[PDB]
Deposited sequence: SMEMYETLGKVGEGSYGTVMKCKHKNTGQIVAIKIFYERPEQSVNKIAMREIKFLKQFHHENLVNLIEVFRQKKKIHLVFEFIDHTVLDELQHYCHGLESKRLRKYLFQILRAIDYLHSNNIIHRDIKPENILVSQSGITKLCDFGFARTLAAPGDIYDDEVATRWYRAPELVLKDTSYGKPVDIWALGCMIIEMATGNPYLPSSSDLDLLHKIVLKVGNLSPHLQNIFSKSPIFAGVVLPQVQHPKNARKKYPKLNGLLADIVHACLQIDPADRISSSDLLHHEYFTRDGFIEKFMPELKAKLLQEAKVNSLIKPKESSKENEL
C-alpha cells in the first residue's frame, strides 16, 4: 500500500526515475528515486556512511513492486533549472556562493577518498534560500559505465580514452566545465559522441598529454583518426576572456589535460576567488545562521 502520494515527475534516466511525492501520514515532501542491481545498492552503501550539510539527505529505502525506492529530502530545484530558466548564466555574487558550497561538498568527499564521478548541473540541488547540495552517488567510488547524454559533456579526457586508472581529478575537470556553463549559461564541451568530444577537448582546451596521446594512438576505436593540432594561450585571462579574471584563473586550473596537473579541491577552496574580499569569513557565518534559522522552522 503506497505510503506516498506521487505529486509529479522531476527526473528520468537510463537508470529509472525521480518522483516528487508526499508521505500520506507525515505529509512530507520527498524525492523518490525508482530503479528497475549494483547501482542502487552502491548508492545506498554510500549514503549510509557519508554525511555533510552540502550533500542530499537520504530518509529511507523500500522495495515495492520488485523495484528499489530511495526516498530523499526534497530540495526546491537544481542548477540545471537555473540554466534552463534564466538567460546568460548566474549573477556573479550568487555564482560564488554556489561554487563555494559545491566545493565544500567535493572536498569533503575527496578528503574521504571518494570520487563522485558525475558532477554536472542537474546533480547540484538548490534550495529557495540558496543552500546547495550535491547528489547522485550511484557511480561514486573509492569504472561503472555512465550511459547519460549530458554526462559526456563533463567527462575528462582520461575517461573518454578509457585510461585504466583515473581518480579525483575527473571531478575537477567536470567542475571546471560546469563553472563555465554557470558563468555564461552555455555548456562548454557539448558533444554528440566521444570522437566529437575528443576533438572539442583538443580544440578548446589542449593537446593530449603524452600518456593520453599514447593510449589514443594505440586505441582501435580511434584508428586512422588525427586530432586537431592547435595552439592555445598559456594565460588564463586570455584563454577565457569572457569570464571574471579570478574565475578564469580557477577554470584554467581545473581544465588541464594531464589529470596530475589539475588543482585539488582543497586548494580550490582556498583560491583568491574566495578570499579576495574576505568572502569566506563573511559567508560562513551567514551560511551557519541560515542552517540554524531554517532548522528551527
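Chemist: What are the missing stretches of the deposited sequence, listed from start to end?
Modeler: No coordinates exist for the deposited residues in 1, 38-44, 151-155, 311-325, so these stretches are absent from the model.
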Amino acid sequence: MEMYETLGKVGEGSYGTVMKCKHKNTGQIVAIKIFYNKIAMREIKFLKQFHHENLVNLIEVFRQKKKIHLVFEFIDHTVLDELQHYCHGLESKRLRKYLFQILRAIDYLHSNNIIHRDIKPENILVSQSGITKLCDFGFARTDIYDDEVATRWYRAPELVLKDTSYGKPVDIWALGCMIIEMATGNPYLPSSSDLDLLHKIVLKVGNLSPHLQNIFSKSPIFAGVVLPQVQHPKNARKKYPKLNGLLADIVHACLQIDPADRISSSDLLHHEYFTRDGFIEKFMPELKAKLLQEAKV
From here on, numbers count along this sequence of modelled residues.
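Chemist: For the C-alpha atoms alone, is the average B factor greater in 208-216 or in 185-193, going by the entry?
Modeler: Between 208-216 and 185-193, it is 208-216 that shows the higher mean C-alpha B-factor.
Chemist: What stretch has the higher average Cα B-factor here, 113-121 or 166-174?
Modeler: Higher mean C-alpha B-factor in the PDB entry: 113-121.
Chemist: Just to confirm, going by the entry's C-alpha B-factors, which of 243, 47, 269, 263 comes out highest?
Modeler: Within the set 243, 47, 269, 263, 47 shows the top C-alpha B-factor.
Chemist: Select lowest, middle or highest to describe the third in which the CA B-factor of residue 259 falls within its chain in this entry.
Modeler: Residue 259: CA B-factor falls in the lowest third of its chain.
Chemist: Just say lowest, middle or highest third for the CA B-factor of residue 253 relative to the other modelled residues in its chain.
Modeler: Answer is lowest: the recorded C-alpha B-factor places it there.
Chemist: Looking at the C-alpha B-factor of residue 81, is it in the lowest, middle or highest third of its chain?
Modeler: Tercile = lowest for this residue's CA B-factor.
Chemist: Within this chain's modelled residues, let me know which third the CA B factor of residue 158 belongs to: lowest, middle or highest.
Modeler: Lowest third - that is where residue 158 ends up once the chain's C-alpha B-factors are sorted.
Chemist: Pull the Cα B-factor of residue 223 out of the PDB entry and bin it into the chain's lowest, middle or highest third.
Modeler: Tercile = highest for this residue's CA B-factor.
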